[PDB]
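S.K.: If you scroll down you'll find the structure; I have some questions about it.
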Amino acid sequence: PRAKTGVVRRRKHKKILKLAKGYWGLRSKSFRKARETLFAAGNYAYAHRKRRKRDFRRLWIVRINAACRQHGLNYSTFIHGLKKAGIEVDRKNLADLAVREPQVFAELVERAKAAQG
Amino acid sequence: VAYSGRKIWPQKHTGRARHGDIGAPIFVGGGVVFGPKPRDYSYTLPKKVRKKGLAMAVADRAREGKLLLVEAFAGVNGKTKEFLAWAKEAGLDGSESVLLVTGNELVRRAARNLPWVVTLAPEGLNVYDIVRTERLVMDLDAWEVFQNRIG
Amino acid sequence: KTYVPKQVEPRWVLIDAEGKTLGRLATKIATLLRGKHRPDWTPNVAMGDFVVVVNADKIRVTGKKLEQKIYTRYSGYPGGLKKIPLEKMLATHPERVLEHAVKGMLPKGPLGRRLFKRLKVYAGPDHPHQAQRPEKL
Amino acid sequence: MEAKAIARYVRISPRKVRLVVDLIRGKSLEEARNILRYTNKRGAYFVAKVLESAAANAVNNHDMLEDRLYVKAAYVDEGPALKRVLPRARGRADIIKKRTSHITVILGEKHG
Amino acid sequence: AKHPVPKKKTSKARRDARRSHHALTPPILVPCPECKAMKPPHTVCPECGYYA
RNA sequence: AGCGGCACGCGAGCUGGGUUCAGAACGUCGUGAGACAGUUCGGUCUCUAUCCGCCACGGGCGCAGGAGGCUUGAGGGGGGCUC
RNA sequence: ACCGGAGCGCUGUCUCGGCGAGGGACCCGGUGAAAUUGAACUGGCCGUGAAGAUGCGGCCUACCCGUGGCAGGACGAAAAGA
RNA sequence: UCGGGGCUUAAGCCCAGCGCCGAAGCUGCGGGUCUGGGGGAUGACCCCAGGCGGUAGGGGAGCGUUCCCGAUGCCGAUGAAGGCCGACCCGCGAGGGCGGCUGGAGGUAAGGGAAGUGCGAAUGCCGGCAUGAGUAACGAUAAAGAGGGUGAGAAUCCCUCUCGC
RNA sequence: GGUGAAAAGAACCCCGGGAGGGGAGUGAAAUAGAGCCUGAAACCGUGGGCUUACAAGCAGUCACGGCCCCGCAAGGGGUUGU
Ligand SMILES: [Mg+2]
Ligand SMILES: [Mg+2]
Ligand SMILES: [Mg+2]
Ligand SMILES: [Mg+2]
Ligand SMILES: [Mg+2]
Ligand SMILES: [Mg+2]
Ligand SMILES: [Mg+2]
Ligand SMILES: [Mg+2]
Ligand SMILES: [Mg+2]
Ligand SMILES: [Mg+2]
Ligand SMILES: [Mg+2]
Ligand SMILES: [Mg+2]
Ligand SMILES: [Mg+2]
Ligand SMILES: [Mg+2]
Ligand SMILES: [Mg+2]
Ligand SMILES: [Mg+2]
Ligand SMILES: [Mg+2]
Ligand SMILES: [Mg+2]
Ligand SMILES: [Mg+2]
Ligand SMILES: [Mg+2]
Ligand SMILES: [Mg+2]
Ligand SMILES: [Mg+2]
Ligand SMILES: [Mg+2]
Ligand SMILES: [Mg+2]
Ligand SMILES: [Mg+2]
Ligand SMILES: [Mg+2]
Ligand SMILES: [Mg+2]
Ligand SMILES: [Mg+2]
Ligand SMILES: [Mg+2]
Ligand SMILES: [Mg+2]
Ligand SMILES: [Mg+2]
Ligand SMILES: [Mg+2]
Ligand SMILES: [Mg+2]
Ligand SMILES: [Mg+2]
Ligand SMILES: [Mg+2]
Ligand SMILES: [Mg+2]
Ligand SMILES: [Mg+2]
Ligand SMILES: [Mg+2]
Ligand SMILES: [Mg+2]
Ligand SMILES: [Mg+2]
Ligand SMILES: [Mg+2]
Ligand SMILES: [Mg+2]
Ligand SMILES: [Mg+2]
Ligand SMILES: [Mg+2]
Ligand SMILES: [Mg+2]
Ligand SMILES: [Mg+2]
Ligand SMILES: [Mg+2]
Ligand SMILES: [Mg+2]
Ligand SMILES: [Mg+2]
Ligand SMILES: [Mg+2]
Ligand SMILES: [Mg+2]
Ligand SMILES: [Mg+2]
Ligand SMILES: [Mg+2]
Ligand SMILES: [Mg+2]
Ligand SMILES: [Mg+2]
Ligand SMILES: [Mg+2]
Ligand SMILES: [Mg+2]
Ligand SMILES: [Mg+2]
Ligand SMILES: [Mg+2]
Ligand SMILES: [Mg+2]
Ligand SMILES: [Mg+2]
Ligand SMILES: [Mg+2]
Ligand SMILES: [Mg+2]
Ligand SMILES: [Mg+2]
Ligand SMILES: [Mg+2]
Ligand SMILES: [Mg+2]
Ligand SMILES: [Mg+2]
Ligand SMILES: [Mg+2]
Ligand SMILES: [Mg+2]
Ligand SMILES: [Mg+2]
Ligand SMILES: [Mg+2]
Ligand SMILES: [Mg+2]
Ligand SMILES: [Mg+2]
Ligand SMILES: [Mg+2]
Ligand SMILES: [Mg+2]
Ligand SMILES: [Mg+2]
Ligand SMILES: [Mg+2]
Ligand SMILES: [Mg+2]
Ligand SMILES: [Mg+2]
Ligand SMILES: [Mg+2]
Ligand SMILES: [Mg+2]
Ligand SMILES: [Mg+2]
Ligand SMILES: [Mg+2]
Ligand SMILES: [Mg+2]
Ligand SMILES: [Mg+2]
Ligand SMILES: [Mg+2]
Ligand SMILES: [Mg+2]
Ligand SMILES: [Mg+2]
Ligand SMILES: [Mg+2]
Ligand SMILES: [Mg+2]
Ligand SMILES: [Mg+2]
Ligand SMILES: [Mg+2]
Ligand SMILES: [Mg+2]
Ligand SMILES: [Mg+2]
Ligand SMILES: [Mg+2]
Ligand SMILES: [Mg+2]
Ligand SMILES: [Mg+2]
Ligand SMILES: [Mg+2]
Ligand SMILES: [Mg+2]
Ligand SMILES: [Mg+2]
Ligand SMILES: [Mg+2]
Ligand SMILES: [Mg+2]
Ligand SMILES: [Mg+2]
Ligand SMILES: [Mg+2]
Ligand SMILES: [Mg+2]
Ligand SMILES: [Mg+2]
Ligand SMILES: [Mg+2]
Ligand SMILES: [Mg+2]
Ligand SMILES: [Mg+2]
Ligand SMILES: [Mg+2]
């Protein structure tokens, strides 16, 4: 009983060329160039999913510290204040309040100010 | 494989790969690697199991109710239509596969062509064929010889 | 899902120059070229205020920087390395010395280069009195 | 409507006939007849010849008017190549592909 | 062969790019005054002729 | 009438006298075949540059009306000798 | 037609190069290869790294695409180092 | 050129202090798998805790390919195998379904058996098509020019004259 | 090695020196049209969408934004500017 390659190999290749659509030049036409590209692609994403946490950990901090200093105080103090008062709210992201809903930020500012001193 | 032995090319400063003869399995057309040769597939199953199985098969088809001994083969005279008539009387409506065991050469000739029937000599009784069929039916002269092999 | 600003509006600004420590001042200017002070900060769009400096020909600087500090400049050719000292920068093109700093403090990419274009430095003042000009400090 | 014509297996490299085809894609029939008429390339002759046939079909098979048909589209595809050997210095031999072309012109009524 | 040789297959991109200046240009033509047809300027052509 | 670096700069630039294949000989060593930072005569150096770089020369587009002519010089380069 | 030294004659061997001829090179029309080729969106310096980097870091520089030329690099090609 | 910019009661060094930033570490929330303990008379399943980087290598559980029993069966012209497409469904995954198009005569469940059973590399073997590139070259530097003719087409075929070897 | 169940292998007209096509015709099917079943991939080409001429690259990934396309919708697909 001989089991020639048959369809098996084509389908496995074809299945990867899909995955690699849109890649530059040979990386999307050649199975071998494709697989190589996809290898790194998987790792790049996995590493970037951990990154995306930090990409915003930051963005928010700037944006916060930004509006934060309009009120005369700085982020590193603002957090000392909030954290001092036990105001565990405003998970950094929600301190988008600095943007829309400014008054509430101004509120949280005084609260943190009163807490610190 | 039918090729020569000559070393296809010198293997040095040729620049080509490196090879011996076309016969080598890396070449297409070359010889097969661990491809199959003819071999014996049989083995000697312990006799005591050849028995137990046979008995157990006949038993299974009895505990099931499907077994039926007979002798009143009036449908003698090797002619399918006759055995076909005897079949109905005996409740073998041809609804289920049957392993008809009998010493009778004619009754054999009769039932032979029915697609739902498996004629068979008494000595030929065996596990596979029993299990294949849905119902065992055999003449009493047969049930003596099966009872003889083991019983 | 985090906020994202719309088409902003170029806030302009007017900075002095006299007496300001070159680098110290240069920092503040940069942070203004980027948002970083505007709470709707967006690192891929550029919306930092336009900056306009004047009287740059008066910038302070500590140490002996006026003779010590020298600016290098490579041309493709052999020996093409030029060594121009601070003293000579101000003596000739003086707005130059303020640029070589802030530019060196902006990001590197294509956007960073756009930001540099949002900077206007003069020795004067007498800058082109377009519109906005809220002097700062 | 539209009427096509195709000359297959023309002994001439596609890369070379294509230049002449690009030269008349979408132009009028009268314009092309002139262009191909004074274009200095072996390919012109062929592209012209298929161009002419494309017209007769348009008229004698599809009613459309000569006074107002043009090259809606056109193109050349590569057909099977005649490979030949070629003795070379020191006994080595090269194969040389005398390539081939399928030339296609498709015409259409000017306006409506 | 001997000494220099390409270090890498040219990409279909770079290849076509090289060829950006290969395109032809239509022949310059003018309607001949005598006949109705077209001629290449400064030249005589069949189905026509010239004056003296 | 400087000394060094640049794969003791540079053989896809050249040469090939020297070294460093096969021939042959001298002195020398070895029974020998042979051997020698010992010597001597002879001895095939590969048309086609893809990319970077370099010398030149065009095509495209841009320069937020279109065009003809004249120009400023940021930034480079050349020169720099001596009796 | 062996290998070394010298001299006379004569010379583009040289100081030191110039001009000219023809056959190529170059442009147009016809036909149309090759070694090579992981894939390429393939710059400079100073570092750095398996100790000699277009691909890492910092900095400088650089509009997109070709054509005729040069051979410093791609530890260029060739030959699984003799 | 201290990574750069740039820094002088510092953005340097020394001593003291309060902050904040900062990993795939730790916490929060959800999920998987294994292991252990417990409820489950119960398989199923539920709960709690703990472990889960990995080359040589050991162990375990699966996926697909060819063929055999299951086949005098079953699916198939109201469309088999194969091919092309899919942003859908299931699986951790190898995979399996489903829908559309193509294709036009085969296919083979559940459950088992047997192997020529899975390829990206071997300067592998065979074939196909690329790159260099419209590039080098068109094979002796004895040499060509015109008129006339034939022909769908003529520098290249025929004739004449001139020239050269 | 393979048209199709069967040559029914395409009369006739049209462009062309021919080749090859366009109609007409046969056939269930002609993208079964004659090295003709199926017709994958590399490779070449035509049209359409998004995109690119101040830009630094193992060609991807993450995020946001613009354009084009699907669905009444929340949404999804393609592309790529930073
Ligand atoms: Mg195999
Ligand atoms: Mg033989
Ligand atoms: Mg032998
Ligand atoms: Mg043999
Ligand atoms: Mg060898
Ligand atoms: Mg064989
Ligand atoms: Mg039977
Ligand atoms: Mg100093
Ligand atoms: Mg970027
Ligand atoms: Mg980038
Ligand atoms: Mg001297
Ligand atoms: Mg020295
Ligand atoms: Mg030197
Ligand atoms: Mg060397
Ligand atoms: Mg040295
Ligand atoms: Mg040397
Ligand atoms: Mg040499
Ligand atoms: Mg040398
Ligand atoms: Mg060499
Ligand atoms: Mg010599
Ligand atoms: Mg010498
Ligand atoms: Mg010598
Ligand atoms: Mg020697
Ligand atoms: Mg040797
Ligand atoms: Mg010797
Ligand atoms: Mg010595
Ligand atoms: Mg010698
Ligand atoms: Mg030579
Ligand atoms: Mg390179
Ligand atoms: Mg270089
Ligand atoms: Mg100047
Ligand atoms: Mg100068
Ligand atoms: Mg100079
Ligand atoms: Mg000089
Ligand atoms: Mg002699
Ligand atoms: Mg002399
Ligand atoms: Mg003379
Ligand atoms: Mg000299
Ligand atoms: Mg000449
Ligand atoms: Mg030539
Ligand atoms: Mg010649
Ligand atoms: Mg040519
Ligand atoms: Mg470049
Ligand atoms: Mg150094
Ligand atoms: Mg490193
Ligand atoms: Mg490293
Ligand atoms: Mg490198
Ligand atoms: Mg890195
Ligand atoms: Mg670098
Ligand atoms: Mg540069
Ligand atoms: Mg050329
Ligand atoms: Mg050249
Ligand atoms: Mg070179
Ligand atoms: Mg050269
Ligand atoms: Mg070299
Ligand atoms: Mg070796
Ligand atoms: Mg520093
Ligand atoms: Mg202090
Ligand atoms: Mg358990
Ligand atoms: Mg139990
Ligand atoms: Mg762990
Ligand atoms: Mg593990
Ligand atoms: Mg082990
Ligand atoms: Mg299993
Ligand atoms: Mg059944
Ligand atoms: Mg049926
Ligand atoms: Mg039917
Ligand atoms: Mg149905
Ligand atoms: Mg169908
Ligand atoms: Mg099968
Ligand atoms: Mg479901
Ligand atoms: Mg269908
Ligand atoms: Mg199907
Ligand atoms: Mg099975
Ligand atoms: Mg090879
Ligand atoms: Mg090789
Ligand atoms: Mg190689
Ligand atoms: Mg190999
Ligand atoms: Mg081959
Ligand atoms: Mg091959
Ligand atoms: Mg040539
Ligand atoms: Mg030749
Ligand atoms: Mg030529
Ligand atoms: Mg010849
Ligand atoms: Mg004539
Ligand atoms: Mg005549
Ligand atoms: Mg004619
Ligand atoms: Mg003639
Ligand atoms: Mg004739
Ligand atoms: Mg036939
Ligand atoms: Mg026809
Ligand atoms: Mg003829
Ligand atoms: Mg015909
Ligand atoms: Mg038709
Ligand atoms: Mg019909
Ligand atoms: Mg159909
Ligand atoms: Mg039809
Ligand atoms: Mg089809
Ligand atoms: Mg068909
Ligand atoms: Mg054919
Ligand atoms: Mg074919
Ligand atoms: Mg068939
Ligand atoms: Mg295809
Ligand atoms: Mg296109
Ligand atoms: Mg656009
Ligand atoms: Mg870019
Ligand atoms: Mg960079
Ligand atoms: Mg649209
Ligand atoms: Mg909707
Ligand atoms: Mg992108």
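Residues are named by chain letter and number: chains run A, B, ... in the order of the structure tokens, numbers start at 1 in each chain, and ligands are numbered from 1 in the order shown.
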Can you work out which residues from chain G touch chain E at a cut-off of 6 Å (counting only C-alpha atoms (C1' of nucleotides)) and hand them back as an MDAnalysis selection string?

M.R.: chainID G and resid 35:37 77

S.K.: Could you give me, as a list in words, the residues within 8 Å of range 40-44 of chain F, counting only C-alpha atoms (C1' of nucleotides) and dropping anything in the same chain fewer than 6 positions from it?

M.R.: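 Everything that qualifies: residues 23, 25 and 26 of chain F; 3 of chain G.
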
S.K.: Give me, as number ranges by chain, the set of residues whose atoms come within 12 Å of any atom of ligand 109, counting only C-alpha atoms (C1' of nucleotides) and all ligand atoms.

M.R.: I: 70-76

S.K.: Which of these, H:59, H:43, H:50, H:4, has the shortest distance to ligand 63 once you count only C-alpha atoms (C1' of nucleotides) and all ligand atoms?

M.R.: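 Looking only at the distances to ligand 63, the closest residue turns out to be H:59.
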
S.K.: Near chain E, which residues of chain F fall within 9 Å when you count only C-alpha atoms (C1' of nucleotides), and what do they look like as a ChimeraX atom specification?

M.R.: /F:12,46-51,59

S.K.: Measure the distance from CA of residue 56 in chain B to CA of residue 128 in chain B in Å and round it to one decimal.

M.R.: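 Interatomic distance, CA of residue 56 in chain B to CA of residue 128 in chain B: 11.8 Å.
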
S.K.: Could you list, as a PyMOL selection string, all residues that come within 9 Å of ligand 9? Count only C-alpha atoms (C1' of nucleotides) and all ligand atoms.

M.R.: (chain C and resi 109-111) or (chain I and resi 82)

S.K.: Give me the chain I side of the contact with chain C, cut-off 10 Å, one line per residue showing its nearest atom pair and distance in Å at one decimal, counting only C-alpha atoms (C1' of nucleotides), sorted by chain and residue number, as a tab-separated table.

M.R.:
residue	atom	partner	partner_atom	distance
I:54	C1'	C:110	CA	8.2
I:55	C1'	C:110	CA	8.5
I:56	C1'	C:109	CA	9.8
I:63	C1'	C:44	CA	9.5
I:64	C1'	C:44	CA	7.7
I:65	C1'	C:45	CA	8.8
I:81	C1'	C:44	CA	9.8
I:82	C1'	C:44	CA	5.0
